[PDB]
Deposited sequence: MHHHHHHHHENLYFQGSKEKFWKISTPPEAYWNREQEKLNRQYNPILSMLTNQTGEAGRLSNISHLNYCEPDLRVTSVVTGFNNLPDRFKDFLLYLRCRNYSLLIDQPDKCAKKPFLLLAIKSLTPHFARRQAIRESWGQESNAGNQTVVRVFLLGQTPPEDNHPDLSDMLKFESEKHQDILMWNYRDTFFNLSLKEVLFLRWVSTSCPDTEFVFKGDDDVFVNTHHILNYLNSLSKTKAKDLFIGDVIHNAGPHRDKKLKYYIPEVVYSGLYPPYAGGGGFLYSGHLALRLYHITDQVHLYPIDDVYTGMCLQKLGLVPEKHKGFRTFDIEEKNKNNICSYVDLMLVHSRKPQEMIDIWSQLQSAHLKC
């Protein structure tokens, strides 16, 4: 394949699959992979995020700076894992106060972690470390690893989180992974999980699943991917705004990540890992990752049969949550 990622992924496949039979690590090589400047045509004219992605692609052994090791001391029914960024204090607090509160109704334990990388001063981020410690001490729901938290490193956020599940929360029945700007009807998710047979629950993976997508080739677009980096279609994948899957599948996904090179778009990467597992993510109508009709955004009854809606501001998540608590009496 002319495209770099495809070409390197095929090499991964043959080293994991003897049937294809007829040398730096791809997992813990953390010096720059200088070969990429020779083999990627036009490397020097690529945007900086692509250069950094290609150079350090073979490094994923980053450590936890802030951990909450007893977060799953009690076997959770549902683990909420919310991708966030250091400066988003308001987003995390609104989630804490609304749909992301930890609870134990009916002995079905819901626990919450926020997933962060570093926002270092060398990348011109303002220094908010003392406030992050303060937040972490008080609320004990911050997981932070020491990699550069960037758009193109969100696959790392995925792999490192899945590594944390296998080491520190392997008994959770279900996992919800989402962004910090979505509203999530946590009651409706609990009801949905309790209506699942165990056969169906075993390999559960549902979201707003996208079929037959391809890399955007427009150089101005957020999700632009040049032809020299990737070719072909994307596998089916749930939009990263939020998806829901079993803890048993989380263990299997973690194991399979070693066999899939990181990809700059994190929700495609999870789709690549599912496909390698022989699984197809399941589209569920309750995931509105492109939001609902504006006429309906007003009426709280519009949110009752929803799993999640993107996107909502901190104030709106709290307001929707408060109205939702009395939704059974007027809908």
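Enquirer: Give the ranges of the deposited sequence, numbered from 1, for which the structure holds no C-alpha coordinates, in sequence order.
Expert: Residues lacking C-alpha coordinates: 1 to 27, 50 to 61.
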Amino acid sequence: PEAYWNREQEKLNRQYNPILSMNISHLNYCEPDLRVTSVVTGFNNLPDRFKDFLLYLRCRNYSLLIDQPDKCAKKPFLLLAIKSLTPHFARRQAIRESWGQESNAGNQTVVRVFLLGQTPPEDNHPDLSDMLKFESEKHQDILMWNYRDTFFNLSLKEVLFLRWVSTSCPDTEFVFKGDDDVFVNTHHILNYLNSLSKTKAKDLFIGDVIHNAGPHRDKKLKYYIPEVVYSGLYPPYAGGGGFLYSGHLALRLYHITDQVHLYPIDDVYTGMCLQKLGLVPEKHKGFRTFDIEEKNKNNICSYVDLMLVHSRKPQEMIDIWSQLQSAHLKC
From here on, numbers count along this sequence of modelled residues.
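The term rigid core refers to the maximal set of C-alpha atoms that superpose within 1.5 Å between the two forms.
Enquirer: Hey, after superposing on the core, which one moves around more in 8 other deposited structures of this protein, 234 to 242 or 109 to 117, CA-wise?
Expert: Farther from the shown form on average in 8 other deposited structures of this protein: 234 to 242.
Enquirer: Thinking of the other compared PDB entries, is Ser322 one of those residues unmodelled in at least a third of them?
Expert: Residue status for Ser322: no gap in any other entry.
Enquirer: Please determine whether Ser311 lacks coordinates in at least a third of the other PDB entries of this protein that model its flanking residues.
Expert: No: coordinates for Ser311 present in every compared entry.
Enquirer: Give the stretch, out of 158 to 166 and 208 to 216, with the larger mean C-alpha temperature factor in the deposited entry.
Expert: In the deposited entry, the stretch with the higher C-alpha B-factor mean is 208 to 216.
Enquirer: Comparing average C-alpha B factors as deposited, tell me which of 219 to 227 and 239 to 247 sits higher.
Expert: Of 239 to 247 and 219 to 227, the stretch with the higher C-alpha B-factor average is 219 to 227.
Enquirer: Name the residue from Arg91, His139, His261, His125 with the greatest C-alpha temperature factor listed in the entry.
Expert: If I rank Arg91, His139, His261, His125 by C-alpha B-factor, first place goes to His139.
Enquirer: Considering only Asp149, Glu97, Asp181, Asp130, which residue's Cα atom bears the greatest B-factor as recorded?
Expert: When the deposited C-alpha B-factors of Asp149, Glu97, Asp181, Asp130 are compared, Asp130 is largest.
Enquirer: Hey, what third does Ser302 fall into on Cα B-factor, ranked over its chain?
Expert: It belongs to the highest third of the chain when residues are ordered by C-alpha B-factor.
Enquirer: Thinking about Cα B factors across the chain, which third does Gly42 belong to?
Expert: According to the entry, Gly42 has a C-alpha B-factor in the chain's highest third.
Enquirer: Hey, what third does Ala105 fall into on Cα B-factor, ranked over its chain?
Expert: Within its chain, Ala105 is a highest-third residue by C-alpha B-factor, going by the deposited values.
Enquirer: Hey, what third does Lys285 fall into on Cα B-factor, ranked over its chain?
Expert: For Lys285, the deposited C-alpha B-factor lands in the highest third.
Enquirer: Can you tell me whether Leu233 has a C-alpha B-factor in the lowest, middle or highest third compared with the other modelled residues of the same chain?
Expert: As the PDB entry reports it, the C-alpha B-factor of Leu233 lands in the highest third of its chain.
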